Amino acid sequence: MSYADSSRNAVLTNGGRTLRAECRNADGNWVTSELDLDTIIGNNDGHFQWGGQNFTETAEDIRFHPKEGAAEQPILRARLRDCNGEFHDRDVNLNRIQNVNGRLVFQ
């Protein structure tokens, strides 16, 4: 279960830092919500880290597939710099992000 189950039209903005969606609220209205991903996802030795910060700082080829695959998962993908300064392609499923009454939150 993620925000995606009750949201639509999810994209990244601000150069891949910002998750922006329309989230169905308590009454079933569709309201705009944005979540700064740099506040909740870090780069830990070239891996995405929930509860980290600033993953975009040197990340390259940031992209987002809101409905990736037959499982339709919200997948963020990026090349991330490891402790040795080498980059590797990485992915993280955004199901730690939830829609709470129309707002995108991190749980």
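Numbers for residues come from their place in the sequence shown, where the first is 1.
Higher mean CA temperature factor between 39-47 and 26-34: 26-34, per the PDB entry. Per the deposited record, the Cα B-factor of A21 falls in the lowest third when ranked against the other modelled residues of its chain. Sorting the modelled residues of the chain by their CA temperature factor places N84 in the highest third. When the modelled residues of the chain are ordered by their C-alpha B factor, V11 lands in the lowest third. Sort the chain's modelled residues by C-alpha temperature factor and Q73 lands in the middle third, per the entry. When all modelled residues of the chain are sorted by CA temperature factor, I97 is found within the lowest third.
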